[PDB]
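Order of the sequence lines fixes the chain letters, A, B, ..., with proteins taken first and strands second; residue numbering starts at 1 for each chain.
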Amino acid sequence: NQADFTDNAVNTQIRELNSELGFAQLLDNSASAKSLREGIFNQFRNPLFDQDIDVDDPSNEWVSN
Amino acid sequence: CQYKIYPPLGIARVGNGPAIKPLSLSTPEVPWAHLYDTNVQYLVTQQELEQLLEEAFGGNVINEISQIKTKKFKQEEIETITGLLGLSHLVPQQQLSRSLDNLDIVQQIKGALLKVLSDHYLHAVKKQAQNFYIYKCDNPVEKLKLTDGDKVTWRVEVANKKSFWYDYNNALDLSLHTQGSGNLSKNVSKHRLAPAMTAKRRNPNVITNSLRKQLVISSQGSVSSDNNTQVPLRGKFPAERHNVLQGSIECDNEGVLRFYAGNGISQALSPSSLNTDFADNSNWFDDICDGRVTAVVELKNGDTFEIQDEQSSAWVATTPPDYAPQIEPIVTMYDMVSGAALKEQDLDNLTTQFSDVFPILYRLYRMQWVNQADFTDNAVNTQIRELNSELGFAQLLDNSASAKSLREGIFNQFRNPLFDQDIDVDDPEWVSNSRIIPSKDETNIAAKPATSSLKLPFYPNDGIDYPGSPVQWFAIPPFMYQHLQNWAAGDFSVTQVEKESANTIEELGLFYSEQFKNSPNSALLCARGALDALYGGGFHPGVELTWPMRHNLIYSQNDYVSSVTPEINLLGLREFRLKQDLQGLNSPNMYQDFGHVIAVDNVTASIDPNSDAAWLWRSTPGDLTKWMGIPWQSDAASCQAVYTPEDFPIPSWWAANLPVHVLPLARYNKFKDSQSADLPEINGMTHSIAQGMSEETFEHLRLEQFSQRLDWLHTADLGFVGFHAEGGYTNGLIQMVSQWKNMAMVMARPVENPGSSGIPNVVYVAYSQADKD
Amino acid sequence: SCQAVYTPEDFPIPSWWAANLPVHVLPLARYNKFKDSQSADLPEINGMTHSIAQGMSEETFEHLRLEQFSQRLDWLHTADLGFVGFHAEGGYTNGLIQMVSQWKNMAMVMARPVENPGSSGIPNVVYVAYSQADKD
Amino acid sequence: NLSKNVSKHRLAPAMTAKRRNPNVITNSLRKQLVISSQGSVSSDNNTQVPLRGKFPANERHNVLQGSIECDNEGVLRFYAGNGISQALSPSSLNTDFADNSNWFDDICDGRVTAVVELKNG
Amino acid sequence: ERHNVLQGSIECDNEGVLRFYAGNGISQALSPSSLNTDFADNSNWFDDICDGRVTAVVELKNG
Ligand SMILES: [Mg+2]
């Protein structure tokens, strides 16, 4: 899939980590790595499907933005 | 309760004829008034375009003529050629512009201006306009008479919500739990004979309700007794942006409102957007509308009466053209109003006159002029003709035991709206064992042979989508079937005067027509007339309105009031008003919906008048027509034959208003004349050949011509014309957007001496440009 | 593709090779609605019940015979060529496609007798198209 | 696997679905629209066995739904079909992504059971 | 009925140089339902493509 080759920022960061032999940072559960893990996690879609939506007319309708 | 508007639901029809009284039509205000009128002109004639032009040329423009002449033309003497006669509202200024700098003072004045008018309106489909009346009440006594100093100002606000609403897959009420009405048996929902389908949004790429407001076309206007100027109802789509003429209102000095519908123009936002679906085509808008009709009564003495509530206000809905105004649907929208207030299991309390069942047989009989199955494949219509041949139609009116066998013979051919006949119960679903209407998605496995005859009438119905369901085929609704059942068993009354005009179906039909014509209740007759021309099933979606109209929940008041005449019921007269949102366009529910899909669950939840769904029945402008197909031409072109493997009879959808098989003008010119006519051309023949033949063979050729029925889809170029033309279903839908205005119009015409030919004295002839000779 | 070529004018309808690939035929269904005289000895006469057939005036019975005789069916509709079913497309191309299998189910035109035409104007020998779709 | 917000806020409402091949009516005639086959293999004989059905079921087409074989160690090996899908008329085209009348394919799924017999009985 | 076709624009500067612009690229059918499904030959269609004759007249001070 082309999007995961050249349009996926997470895959590009993984390759960035690989190129410096630094993938093990993702296995770090300490606070010095939290912003690294969070930046990746924040790019994933929430299966609650309640993010990036404008609640249309509160009969509520959730409209993605 | 001092003043009320009539009719409660006015009906206007689109057309490209102009919105002027002489060149328009009027919605029936008296049922059956002109069924045999052989002078009707539903298309703009060359005669009326001349008569218009010469009334314009009344003095002293004919002394203006002479001032200009002794004074080609120049910019400002033309500036006042036009305007003199007042053709600004008819033709663009700059089409009459060069009408005459392209050039008995007056005759090539008239000649060029009339060919202008001819180019625009000759043979045009006349608009059928609806008149609205104020009736003083207490109970509508007489129409409001306006003294000097008084004035009435009407107010109409309309909307189109087709592009904003949901797809039409089938009628949602088909699965709605019910006790049963006079319109729909409870067996449909209780036994799941034609389950309602979910329906997605039309134009679904428009997201958020605030952006979907752009999909609704809306307009409003007011006219008063103090000026008969015509004011257009014009909105925008979306709300490039195109102008949509949804209507034109005008009030005369007596306070009557006349409502003209649009010019019948449907259009896409991009030319490449084609209307290939019968109902649901995104990117499209049409000029169909519907909305709220209210008025103020302001008398000389300061007294002001506001007609604003739902009990006294009215509604208007515009529809596709009635292509055979004199042919009535076997079941009308008025029948739907009448059956809406009845409970199914209380139908044994219904009392039946013969005039309650006569319209069924009458309308089914007159369907022969618009549908082949009803001309040569309807054993009930052939028996009517048999009784007509021996002047023995009065036997049908006999409630005795000696005529029970004959009445039962006709009744047993009809379809039972219980939909519990001609079925084999599977794994105890109801599987019909008569003829089915297959899906176009084929399966090369042999059909189960039918074991029961196809009951009448031979039309499709709300459950068309389901092969083997008895609701594939149309049945007269429960309360009308109850009438027929009581007539079968003898439980019916009829007055002696009716038996004295019942030698043929036509004589009795003319009698009942006079009963309508001389009944005094002018308001309720006009109320029934607005709806007696509309269809009332099947609803897929239908022609004009659809399934919400067959539920009592949509009316605020719906009660029986009186018979047509004190002795003759003729299905009766009712006082009905639709439920209305009194805020109209400014309603908070104007733009309501149900999310990504609509389903019967939404309908179920809307029965409770306190739920968040009850708005579905409190109509706002646009709510009546929003269910119908967009553009309407796609449904019209889809409203024809539905062919079975077996060739006959040919199923037809709504042939009374959108005919399927017609008698073209070409055929009429080959049977209208008698052999002793001494024109050079007699029935397409030369004089010598016409009179040189046997008169037996001469009248045999008359009946051959009379029998040649043309496919109504072939009355204009709907994509089948030309070498290697594809034709087909879809090309018909696409071409109908432009060709609706060239489709054949059926009109009553006379055959002055049929002799022994078998041709009736009044025939109904389809007029188009292709069908002429 | 060997049928009608429609012009903007409705009539006459032009036809390619109609004598070997007919375009408008008299189907058996109509034949069974005019072949009998009113005195026939059959419980069903010309599609009608005995009593209704013999109850009508002689003029009207004969008029119905000629009316039936005059109903001509598009020969392309004598079998399923893609126009059968709810929302079926039909059209020229589906005709071509379906004819590969449906050629053998098309109506075959055959001379048939009308034993007592009377004053109907129906000739004593008619030519009637037989197929599975067009028989009743 | 699925948040309750999808149904609760109607983020993607389920649609109604009609029958495939809707012109075949009655349950007993619709049984022919089902292809089925069975077979048995044992560790005593390696010979492969075809699961061959027919469409329409009891012109008819043979459908090889699969093949089974079992080596002497008692391991069953299940092969799927050859990937042959077909309509009953060659003009029936599969133009919808999922629902095409008059078509059948050789995909299948079914019940696998076994019986173990030991020396002592 | 009948459409206006801008086939181009011409202007001449005070130095005698002519500048020729082409149309806007409007292509249209006489009815919207006629589609240009063929790569070259589509009846009922027009476009604003043009070609023609360019001539000039030089008038000097000396007549
Ligand atoms: Mg009509």
Ignoring hydrogens and geometry beyond distance, is a side-chain donor-acceptor pair present between [X] and [Y] at under 3.5 Å?
| X | Y | value |
| --- | --- | --- |
| B/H123 | B/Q769 | yes |
| B/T565 | B/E567 | no |
| B/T38 | B/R749 | no |
| B/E408 | B/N412 | no |
| B/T495 | B/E498 | yes |
| B/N742 | B/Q739 | yes |
| C/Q38 | C/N46 | no |
| B/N569 | B/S563 | no |
| B/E699 | B/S756 | yes |

With no hydrogens and no angle check, is any side-chain donor or acceptor of [X] less than 3.5 Å from a backbone partner on [Y]?
| X | Y | value |
| --- | --- | --- |
| B/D773 | B/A666 | no |
| B/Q413 | B/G409 | yes |
| B/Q705 | B/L701 | no |
| B/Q472 | B/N461 | no |
| B/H661 | B/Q372 | yes |

Quick one: are the ring centres of [X] and [Y] less than 6.0 Å apart?
| X | Y | result |
| --- | --- | --- |
| B/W473 | B/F419 | no |
| B/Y535 | B/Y459 | no |
| B/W32 | B/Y362 | yes |
| B/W369 | B/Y764 | yes |
| B/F358 | B/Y512 | yes |

Whether [X] and [Y] hold their rings parallel, tilted or perpendicular, with breakpoints at 30° and 60°:
| X | Y | result |
| --- | --- | --- |
| B/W487 | B/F492 | tilted |
| B/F375 | B/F706 | perpendicular |
| B/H540 | B/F278 | parallel |
| B/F354 | B/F393 | perpendicular |

Around atom CD of B/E390, are there more than 12 heavy atoms of other residues, nucleotides or ligands at under 6.0 Å?
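Yes - once you tally the heavy atoms of other residues, nucleotides and ligands closer than 6.0 Å, there are more than 12.
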Is B/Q41 atom CD crowded by more than 12 heavy atoms from other residues, nucleotides or ligands, each under 6.0 Å away?
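Atom CD in B/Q41 is crowded, with more than 12 foreign heavy atoms closer than 6.0 Å.
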Mark yes or no: C/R30 above the aromatic ring of B/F648, with NZ or CZ under 6.0 Å from the six-membered ring centre and no more than 45 degrees from the axis.
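So C/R30 does make the cation-pi contact.
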Regarding B/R385 and the six-membered ring of B/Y365, is the cationic atom NZ or CZ under 6.0 Å from the ring centre and inside 45° of its axis?
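Not flagged: B/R385 not positioned over aromatic ring of B/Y365.
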Pairs in or reaching into residues 325-339 of chain B: which pass salt bridge (charged side-chain N to carboxylate O under 4.0 Å, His left out), with residues at least two apart or in two chains?
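Qualifying pairs, neighbours excluded: B/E328-B/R363, B/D335-B/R363.
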Looking at B/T332, B/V543, B/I11, B/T27, which hits side-chain contact (heavy atoms from CB on, under 4.5 Å) with B/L534?
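Looking at B/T332, B/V543, B/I11, B/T27, the match for B/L534 under the side-chain contact (heavy atoms from CB on, under 4.5 Å) is B/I11.
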Using a strict cut-off of less than 4.0 Å between a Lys/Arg side-chain nitrogen and an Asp/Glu carboxylate oxygen, indicate whether [X] and [Y] qualify as a salt bridge.
| X | Y | result |
| --- | --- | --- |
| B/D462 | B/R550 | yes |
| B/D377 | C/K33 | yes |
| B/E506 | B/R366 | no |
| B/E752 | B/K672 | no |

Separation of C/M48 CE from C/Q54 CD (nearest 0.5 Å):
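Answer for the CD-CE pair, C/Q54 versus C/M48, is 10.0 Å.
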When rounded to the nearest 0.5 angstrom, what is the spacing between CD in B/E646 and CG in C/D134?
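If I round to the nearest 0.5 Å, the distance is 11.5 Å.
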Check the pair B/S338 / B/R574 against side chain to side chain contact (heavy atoms under 4.5 Å, CB included), numbers first and verdict last.
CA-CA 7 Å; B/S338 309; B/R574 314 181 63 96; 3.6 Å; yes
What's the verdict on side chain to side chain donor-acceptor pair (under 3.5 Å) for B/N486 and B/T352, showing C-alpha distance, side-chain angles and the deciding distance?
CA-CA 7 Å; B/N486 295 336; B/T352 311; 2.8 Å; yes
For the student: nearest non-hydrogen atoms of B/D322 and B/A656, plus distance:
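Distance-wise, the nearest heavy atoms are OD1-O, 4.0 Å.
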Audit row: B/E704, B/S707, side chain to side chain donor-acceptor pair (under 3.5 Å) steps and yes/no:
CA-CA 5 Å; B/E704 278 170 20; B/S707 289; over 6 Å; no
Could you go through B/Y668 and B/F671, starting from their C-alpha distance and side-chain angles, then the distance that decides it, and tell me whether this counts as ring pair (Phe, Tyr, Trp, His ring centres under 6.0 Å)?
CA-CA 5 Å; B/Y668 172 63; B/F671 68 71; 5.5 Å; yes
